[PDB]
Protein chains: 4
Amino acid sequence: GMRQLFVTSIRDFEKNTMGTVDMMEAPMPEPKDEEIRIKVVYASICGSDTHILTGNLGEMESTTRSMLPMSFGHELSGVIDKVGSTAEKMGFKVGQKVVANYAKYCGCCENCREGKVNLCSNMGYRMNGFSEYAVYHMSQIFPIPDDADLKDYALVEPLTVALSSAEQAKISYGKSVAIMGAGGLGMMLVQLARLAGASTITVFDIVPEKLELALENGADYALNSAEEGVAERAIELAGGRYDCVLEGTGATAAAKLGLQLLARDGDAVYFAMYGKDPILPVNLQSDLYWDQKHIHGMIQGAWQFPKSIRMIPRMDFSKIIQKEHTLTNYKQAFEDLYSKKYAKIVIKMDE
Amino acid sequence: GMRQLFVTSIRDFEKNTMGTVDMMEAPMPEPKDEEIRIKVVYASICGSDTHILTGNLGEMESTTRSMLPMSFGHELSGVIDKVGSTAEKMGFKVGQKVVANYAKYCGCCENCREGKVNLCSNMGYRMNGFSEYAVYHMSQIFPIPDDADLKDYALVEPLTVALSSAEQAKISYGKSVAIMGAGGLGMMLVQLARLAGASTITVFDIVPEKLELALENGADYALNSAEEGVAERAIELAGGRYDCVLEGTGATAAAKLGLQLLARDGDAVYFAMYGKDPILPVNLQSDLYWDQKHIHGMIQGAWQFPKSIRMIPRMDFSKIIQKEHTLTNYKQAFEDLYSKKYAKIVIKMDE
Amino acid sequence: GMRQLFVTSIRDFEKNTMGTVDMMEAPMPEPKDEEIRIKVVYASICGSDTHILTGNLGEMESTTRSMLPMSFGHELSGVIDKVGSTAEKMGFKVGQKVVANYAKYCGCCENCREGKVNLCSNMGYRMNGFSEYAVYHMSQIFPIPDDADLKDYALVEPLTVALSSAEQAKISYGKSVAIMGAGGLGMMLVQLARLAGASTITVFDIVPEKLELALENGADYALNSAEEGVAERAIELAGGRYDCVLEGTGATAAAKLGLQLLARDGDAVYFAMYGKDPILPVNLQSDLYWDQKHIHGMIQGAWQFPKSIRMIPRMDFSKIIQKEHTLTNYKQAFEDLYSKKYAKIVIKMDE
Amino acid sequence: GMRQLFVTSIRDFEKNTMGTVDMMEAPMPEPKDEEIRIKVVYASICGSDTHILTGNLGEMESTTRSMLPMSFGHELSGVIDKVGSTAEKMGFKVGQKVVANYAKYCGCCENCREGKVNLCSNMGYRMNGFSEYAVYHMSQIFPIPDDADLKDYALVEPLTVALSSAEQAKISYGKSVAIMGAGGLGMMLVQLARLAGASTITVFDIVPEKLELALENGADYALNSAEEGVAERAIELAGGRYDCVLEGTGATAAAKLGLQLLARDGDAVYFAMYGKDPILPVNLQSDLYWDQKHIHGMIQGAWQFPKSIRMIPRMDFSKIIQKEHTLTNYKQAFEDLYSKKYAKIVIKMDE
Ligand SMILES: [Cl-]
Ligand SMILES: [Cl-]
Ligand SMILES: [Cl-]
Ligand SMILES: [Cl-]
Ligand SMILES: [Cl-]
Ligand SMILES: [Cl-]
Ligand SMILES: [Zn+2]
Ligand SMILES: [Zn+2]
Ligand SMILES: [Zn+2]
Ligand SMILES: [Zn+2]
Ligand SMILES: [Zn+2]
Ligand SMILES: [Zn+2]
Ligand SMILES: [Zn+2]
Ligand SMILES: [Zn+2]
């Protein structure tokens, strides 16, 4: 068949070992009538991929180990390789450049039929991004321009997450924006905050190289979230508290700092995957009654793929995609991932 | 001058005494050019009035005792008694039935000029509701129909709070609504949830007489918030978790129960005044990341007075105003208040 | 097979004959794996059904005559009679009470994947409402309560149209509402305007019996749209121009009158199917620049079915469904339809 | 007193003469307690100023000629020169850089107290922009940064109009935008469409130099609105019809072309001042029923001043302000205005 990567182990806390990723052989998949097979050209690696591997997994930890070796990868671009007859009839053709949405909506539960497909009750997940060929239902497949640079469109899915979070934070003309975390999603939020009219953008992180990267992506200020007094410096710099707070570190200290930074009537969005003891103490009197704060979550996003595809030419990923490796050299890619030095890493899957 | 009530003491925790209200003599107030004097006909008593008196007041407790005896009352209807020359020019005339907004916006700070007058930086408060005559700036004075029953329009201000909270919870066609607290604001939210298309309305309280009152105001279900298992019964009755949660008890257990009841993508609104240790622990992973919950505060409301005045004929206050006393018998009114038995109490101020 | 009604002719303007409806024999349909067959119990007849038959059809007129005899009917309730294997797996079972959505979304065009399924590019329409058994894709089938009165749930689809139009007009607390047309959709908008907090509701029609029906459904005022001066009486009665205008007659005079009634910053919604020369002259200077009016269209609605199903117990259809006939007596039902006397007519399909 | 410009004549159609602007002497104005006197440093000239002078004025034409010589100018920046005692108490001080809002809201009519101050019933207008010193109520005066370049902040008011129109057109991530008119407001909409995430921006005008200017301000395409076939080229270039249409020419042909360009479910905003016979024929069937178009007006904007002030550093006015003259040379400025060659002209008022 073909080359595919699988998660072979996850973080073992009672031996102190990290998770592993290994290439195995897999048979060539075949599409049914409504399905489409992609030849994958670029796949990107995500923070959730890293959490599976190096992360603290909750009651969920037993279940996942249950099913290793596990296919993964949900951020990918490539070219249609083969089309079922129904899909051909809906216009999909071999040779079309596309991206795929890992999530399969059932279209016949209540959430689905209220438009809330990201809350689908019979949600399917097709996680074969890190495969040379992958099959999806035609509803998951989205065309992109014929002249598209596939490397950048591999980031379509994480851009949807960033777009949903920005929209949920209500970034708009003249607002001040605080972004917790200078990772890949962070850098996309910086760019999107600019493209939503934000007049002040401040990024917070521990790592100083990443603060420099935030400024390169368009942030006005970039601050160390570990230095004490940081809240007041930040409020000073923005002339007041922040209208929009976006929490992407998944850490409870950043989350609490986010809430503190939030202006009266402001919108805070917690979109990271959180770990153990993930409590945000909200003060009913001061945060809510006196300050009228709005605290939101964010799961998956819905209906964002076409939008995201339209935004790609407005984004500059030369400031976000910081490493590219070949599938052959996947081992180095995952070393780079585990280093946590890089905003986004892509793998070129046909090499 | 005239009869007016003042708060003469507040809750003394280091002697275990309750707050007191006493009538004193006060001079007749006189309006400047832009001001208007009202002859007050009905005044209503509020939950915040009760918190001053019988309540736990925080670092705020020293400040308030600083300034006793203190005028109070912010829910009132009556008739214009005298008009400054500028106000007459804006159309206000002696004999007009009106209600007053206690809050005075400065109109020249940033919040004011962003439309967020409820967050005014130089906020003024005119708290002389429990006075036979009171003066306000013309911007605070709102006319009501010539044939209006003044008793019901005394509830205009608390209806604005209820309207803002309902709107913030996004009550709309086909949503399920959970209301924590079967007090006056609670009963108004029941009526307003009906008038916003809610298809399931469940009220929660400790007191059983109040649960009966909720059903009389239009609630579908009324449940005891102290009985264990109540969450699951409630979710059973509504066929699922609640789209809209409205927290008006000011208690942290009701607040936590509210969050638990809240559906995925639901809106919870915390509009009560909270007491000591008012912490809502929010789980970032389950409440926010997985469930996409929206948690909101609510302070004062903005631009709601004309709306509220238009809604009065749609409301039925015969199910909410449960006691009327004369100003002469104010002492019984405040006994009734301290009993906490009644949804709303009104005082007729010209008797 | 079974009994089914078909449109056998449409309005012939060059002979002055009306359209006809006739029962024919049809084979029993069979569901594929993802399909479901309904035994139809109640079917309702619509204004669009009447326009096909007695109406002026545009360039569209040649196309439709092309394909007579034509199945029709898109408003129906009944019971699941047979389930394909995939659908059974998604939980649909014989014996379940359901309603059907005539519209089939493809789920793989751009509108579909932006959430705008009512603008689907490969839209399918299953118009076999007036059939004893009909087949639909499982995505079109919605369950209703086990104890549901099927007669009322036959109106689920037109309630979705009414719900979308009300939402598009932004009916909400304290708004004034003008509804053009006292037909079935009109009566549903009256009820929905009440359930959205409207403080003034005025219905306009030519026919006086229908104005009485508007008052019975909850309208505050009901006026004759042909009497001259009607606009000013209406504005008088509402204390001003209308915040929400809903145009359901499909006539250009009602449409123009609607725009005139509309308040500054108001929302007018044109949701009827219009005939020949359907021009609304909008004055850029007075309607738009000075008055800041918002003029909207409305096609089909999207994601409204679950909502509508939840609203049914809040509606009172004893004031809307004014005639019920048996399928056997369909000929009288269509006479009643062509009379235009009745708000809604239902046919009981198993008799 | 001081130098001030007045409109001395308007367009005389029954002699074919244009309007005139002349400097006269005016006394120094004095602020009351709540007022503030500005020393004006920069004033900008507007399209409405040009319509008074060279324009077709309707039934309004007799009224305006009634009151010549008339003060004008409503786009200005400068420095506080003197403060009434109440205003000083609200924090305004001599030496503060500011801009002024010409519009005075009464704060005590129904529109005002519903938040719709741009629809104020007792609206006041202070049109003395083209004066060396002007007085306004403190509510009209907005501070800007101490280091602000006053020339650019003179454009605060027209930016508010552009911001309101953009918001009303719902410009947001991934939308296509059509702007009719490559004037100053046009160029600001180009910049704002970029800063709201628009993925395609096309400007339409007659004049080719102005089309080049649109491309310099960030438009993707710039097309001649007089060339036939232009609609289809534009739809070709954008891959479909436009989500957002903004009509700023005030001409009925551009308005009609705008509606034609508008996508299904799109938002068109007509914010220009229109002339004689300003009719937009809307087709109820095709524009509204089938296409679900949304057509909006726009008057003044509300609560936009602080926002606009925050956006100024995000805008680049070196591509918009194309001429600066001294008050001394005002005659050339108005020649430049009447030439209609330039996007925006500013006058430096202390020279
Ligand atoms: Cl703040
Ligand atoms: Cl929200
Ligand atoms: Cl849920
Ligand atoms: Cl109006
Ligand atoms: Cl379109
Ligand atoms: Cl809208
Ligand atoms: Zn589903
Ligand atoms: Zn991802
Ligand atoms: Zn203020
Ligand atoms: Zn109150
Ligand atoms: Zn489709
Ligand atoms: Zn229908
Ligand atoms: Zn006003
Ligand atoms: Zn202007």
Side-chain angles (χ1 to χ4, degrees), chain A residues 2-5 21 23 36-50 72-81 94-102 126-134 136 140-163 182-192 195 213 216-218 304-337 339-351, chain D residues 173-174 199:
Chain A
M2 50 159 194
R3 305 185 295 165
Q4 177 169 6
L5 309 183
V21 171
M23 186 184 280
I36 299 187
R37 181 213 285 148
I38 305 320
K39 191 206 190 187
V40 185
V41 173
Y42 279 100
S44 192
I45 311 174
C46 191
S48 68
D49 302 317
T50 328
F72 69 122
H74 66 282
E75 305 185 352
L76 67 148
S77 59
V79 181
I80 297 195
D81 185 66
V94 168
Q96 288 167 357
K97 291 186 178 175
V98 299
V99 297
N101 179 6
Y102 65 89
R126 311 283 303 266
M127 312 306 209
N128 298 292
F130 291 121
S131 189
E132 288 179 317
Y133 297 84
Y136 295 87
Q140 301 176 261
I141 292 300
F142 292 84
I144 68 184
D146 300 338
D147 63 337
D149 175 345
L150 288 169
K151 177 178 175 161
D152 288 345
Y153 287 80
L155 273 54
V156 166
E157 182 278 338
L159 194 65
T160 67
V161 174
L163 283 157
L185 279 186
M187 294 309 92
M188 299 183 224
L189 288 168
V190 168
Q191 293 194 28
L192 290 174
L195 293 160
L213 185 61
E216 269 143 35
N217 275 268
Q304 300 284 23
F305 267 78
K307 184 192 295 165
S308 178
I309 289 168
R310 291 192 294 277
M311 291 299 302
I312 298 289
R314 291 313 205 210
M315 306 297 287
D316 179 353
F317 287 117
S318 69
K319 296 184 179 154
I320 297 182
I321 298 163
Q322 305 198 276
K323 279 279 176 177
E324 170 178 351
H325 295 278
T326 57
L327 178 49
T328 302
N329 294 338
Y330 75 97
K331 276 205 253 275
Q332 281 143 285
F334 282 91
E335 291 172 27
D336 288 354
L337 183 73
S339 85
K340 262 145 184 170
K341 306 189 73 168
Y342 305 101
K344 285 299 267 190
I345 301 156
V346 296
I347 299 178
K348 192 166 195 282
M349 296 295 292
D350 59 6
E351 288 176 36
Chain D
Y173 293 126
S199 48

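Here is how names work: the chains are called A, B, and so on, in the same order as the sequence lines, proteins then strands, and each is numbered from 1. No hydrogens, no waters, no symmetry mates; every other heavy atom, side chains included, goes into these values.
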* **Member of A:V346, A:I345, A:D336 meeting the side-chain contact (heavy atoms from CB on, under 4.5 Å) criterion with A:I45** =>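 Output: one option passes, namely A:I345.
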* Which pairs with one or both residues in residues 340-349 of chain A pass side-chain hydrogen bond (donor to acceptor under 3.5 Å, both in side chains), sequence neighbours excluded? ->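 Counting only pairs at least two positions apart or across chains, the side-chain hydrogen bond (donor to acceptor under 3.5 Å, both in side chains) contacts touching residues 340-349 of chain A are A:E75-A:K344, A:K348-A:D350, A:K348-A:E351.
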Do [X] and [Y] touch side chain to side chain, with heavy atoms closer than 4.5 Å?
X: A:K97; Y: A:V79; result: yes
X: A:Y136; Y: A:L76; result: yes
X: A:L195; Y: A:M315; result: yes
X: A:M188; Y: A:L155; result: yes
X: A:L5; Y: A:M23; result: yes
X: A:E157; Y: A:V99; result: no
X: A:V21; Y: A:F72; result: yes

Scan the side chains in residues 142-153 of chain A for donor-acceptor partners under 3.5 Å anywhere in the protein, sequence neighbours excluded, and list what turns up.
from: A:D149; atom 1: OD1; to: A:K151; atom 2: N; distance (Å): 2.9
from: A:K151; atom 1: NZ; to: A:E324; atom 2: OE1; distance (Å): 2.9

Nearest non-hydrogen partners of [X] and [Y], listed with the distance:
X: A:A43; Y: A:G129; value: CB-O, 3.8 Å
X: A:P158; Y: A:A154; value: CD-O, 4.3 Å
X: A:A162; Y: A:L189; value: O-CD2, 3.3 Å

* To do: List the steps and the verdict of side chain to side chain contact (heavy atoms under 4.5 Å, CB included) for A:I320 and A:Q191.
  => CA-CA 10 Å; A:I320 297 182; A:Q191 293 194 28; 3.6 Å; yes
As an exercise, state the distance from [atom1] of [X] to [atom2] of [Y], rounded to the nearest 0.5 Å.
X: A:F334; Y: A:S339; atom1: CZ; atom2: OG; result: 12.5 Å
X: A:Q96; Y: A:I80; atom1: CD; atom2: CD1; result: 4.5 Å
X: A:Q140; Y: A:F305; atom1: CD; atom2: CZ; result: 9.5 Å

* **side chain to side chain contact (heavy atoms under 4.5 Å, CB included) evaluation trace for A:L192 with A:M311** => CA-CA 9 Å; A:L192 290 174; A:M311 291 299 302; 4.1 Å; yes
* To do: State whether a side-chain donor-acceptor pair under 3.5 Å links A:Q4 with A:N128.
  =>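 Short answer, yes.
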* Just by distance, do the side chain of A:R314 and the backbone of D:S199 share a donor-acceptor pair under 3.5 Å? ->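 Checking the backbone N and O of D:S199 against the side chain of A:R314, a donor-acceptor pair under 3.5 Å is found.
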* Is the backbone N or O of A:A343 less than 3.5 Å from a side-chain atom of A:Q322, with the two atoms forming a donor-acceptor pair by type? ->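 Side chain of A:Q322 to backbone of A:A343: a pair is present.
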* So A:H74 and A:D49, side chain to side chain contact (heavy atoms under 4.5 Å, CB included) or not? Walk me through it. -> CA-CA 9 Å; A:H74 66 282; A:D49 302 317; 4.0 Å; yes
* To do: Step by step, work out the side chain to side chain contact (heavy atoms under 4.5 Å, CB included) result for A:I312 and A:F317.
  => CA-CA 9 Å; A:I312 298 289; A:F317 287 117; 3.6 Å; yes
